[PDB]
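K.L.:
Each number in PDB author numbering comes from the position in the sequence shown (counting from 1) with 15 added on.
Virtual Cβ for every residue (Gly too), placed ideally from N, Cα, C.
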Amino acid sequence: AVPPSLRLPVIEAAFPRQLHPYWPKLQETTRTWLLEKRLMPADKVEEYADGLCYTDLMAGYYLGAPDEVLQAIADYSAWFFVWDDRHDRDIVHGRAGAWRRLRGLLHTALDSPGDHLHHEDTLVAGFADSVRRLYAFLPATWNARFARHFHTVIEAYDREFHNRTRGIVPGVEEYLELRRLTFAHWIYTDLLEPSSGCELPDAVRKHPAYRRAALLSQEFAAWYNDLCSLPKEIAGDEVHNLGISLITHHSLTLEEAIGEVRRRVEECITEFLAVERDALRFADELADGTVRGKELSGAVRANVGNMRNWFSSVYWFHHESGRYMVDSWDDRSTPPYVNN
Ligand SMILES: CC[N+](CC)(CC)Cc1ccccc1
Ligand SMILES: [Mg+2]
Ligand SMILES: [Mg+2]
Ligand SMILES: [Mg+2]
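#1: Determine the DSSP secondary structure at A302, reduced to helix, strand or coil.
#2: Count the CB pairs spanning the stretch 194-204 and the stretch 235-242 that are closer than 8 Å, and state whether there are at least three.
#3: So, at 6 Å on beta carbons, what are the nonlocal neighbours of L267 in its own chain, with the 5 sequence-adjacent residues on each side left out?
#4: Which ranges would you report for the alpha helix (DSSP H) in the stretch 240-283 if only whole runs of at least 4 residues count?
#5: For the pair the stretch 21-38 and the stretch 276-296, tell me if three or more CB-CB distances fall below 8 Å.
#6: What first and last residue would you give for the alpha helix (DSSP H) that runs through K59?
#7: Does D241 pass the burial test, meaning 16 or more other C-beta atoms within 10 Å, or should it be called exposed?
#8: Under 6 Å: does the beta carbon of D126 sit that close to some heavy atom of ligand 2?
#9: Please return the same chain residues whose Cβ sits closer than 6 Å to the Cβ of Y91, not counting the five positions on each side in sequence.
#10: Considering only the alpha carbon of each residue, which of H35, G182 and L125 lies closest to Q86?
#11: Could you check the C-alpha separation between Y37 and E271 for me, to the nearest Å?
#12: Please indicate yes or no: does the CB of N178 lie closer than 6 Å to some heavy atom of ligand 4?
#13: Is the Cβ-Cβ distance between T70 and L41 less than 7 Å?
#14: Between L230, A250 and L245, which lies nearest to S348 when the distance is taken from Cα to Cα?
#15: Could you tell me the distance, in whole angstroms, from the CA atom of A111 to the CA atom of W94?
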């Protein structure tokens with residue numbers, strides 16, 4: 016029962032959900048990882064971890080991934096949500112120094128995760144553990160691209176810290192650019208490749224159809240999060256949300272801003288369907304009767320398939336996850352799963 020302001024019939028009719036067979040063990044293993052890495056208090060892990068659906072989200076995304084790859088992705092992604100919470104709490108507590116030091120350690124750990132596996136900040140240690148494992152799947156050229164992308168992501172989170180401390184709501188276009196980094200568009204595009212077992216040549220992953228399909232998948236997901244997380248973000252004095260940029264800088268009502276965000280989300284779907292056809296045509300061309308061409312074509316088909324799976328996984332995640340159920344919280348402004 017999706018609220019009509021949030022319901023997308025095209026997703027419900029034409030993007031059937033998919034689920035990785037490892038998900039039952041994935042849910043248990045990531046929960047244990049959160050406990051053993053002390054990324055959330057044990058009582059909050061017990062009450063909320065499964066209800067947050069972080070493993071469900073990724074198991075509906077990276078279909079076909081080796082179990083060990085999916086486990087590293089799920090641990091990294093659960094860490095990422097907890098990092099978003101830490102970021103938020105440092106902002107509302109005014110802990111500029113604590114955030115600066117964390118930001119610095121993540122940059123260093125990103126380049127040398129082994130050195131940081133037992134850092135006193137368990138949030139740094141958990142990052143290092145998941146990143147070191149992600150670095151063990153593909154050649155070092157893929158590792159360097161992941162690092163390059165995530166250095167940029169950290170600095171976008173730092174820009175958000177300064178915005179919220181200074182009381183700045185970004186403009187629409189500045190927000191749209193920033194959001195491709197705070198949502199980690201290019202990290203989760205990178206992770207398609209270990210999931211299908213193949214570092215893609217630049218001429219393949221930078222093909223205009225591959226690049227556009229990857230972009231639209233993430234824009235849909237980011238803007239649909241904006242639509243669904245707007246209530247809890249308004250309650251929490253978050254300022255980063257396409258709807259908030261529209262209300263602040265364009266005199267839209269709340270109902271009008273929600274309408275504009277929804278129509279932009281909808282356009283992502285139908286733009287994706289067009290480029291998806293082009294990307295699969297490119298896959299057909301790559302299958303030229305050679306083993307390498309069969310390998311590249313198969314990787315493109317899997318990766319573009321998972322770009323499509325991202326639509327349905329993100330859609331249902333926002334209605335199943337306790338992360339967004341602000342009407343059920345004792346304090347709408349302080350979600351019960353965050354460490355305050
Ligand atoms: C890993 C989660 N993420 C990615 C940067 C930060 C919170 C946003 C996200 C929210 C909801 C669904 C998917 C991704
Ligand atoms: Mg957030
Ligand atoms: Mg955030
Ligand atoms: Mg959000």
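P.N.:
A quick look at the data gives this:
#1: Look at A302 here: in three-state DSSP terms it is coil, with no helix or strand label.
#2: yes
#3: So the list reads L261, once near-sequence residues are dropped.
#4: 257-265
#5: With a cut-off of 8 Å, the stretch 276-296 and the stretch 21-38 count as touching, because enough Cβ pairs lie within range.
#6: In the DSSP annotation of this structure, the continuous segment of the alpha helix (DSSP H) that includes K59 starts and ends at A57 to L67.
#7: By the neighbour-count criterion, in which 16 or more other beta carbons inside 10 Å mark a residue as buried, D241 falls on the buried side.
#8: no
#9: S145
#10: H35
#11: 41 Å
#12: Not under cutoff, so the answer is no.
#13: yes
#14: For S348, the nearest C-alpha among the options comes from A250.
#15: 21 Å
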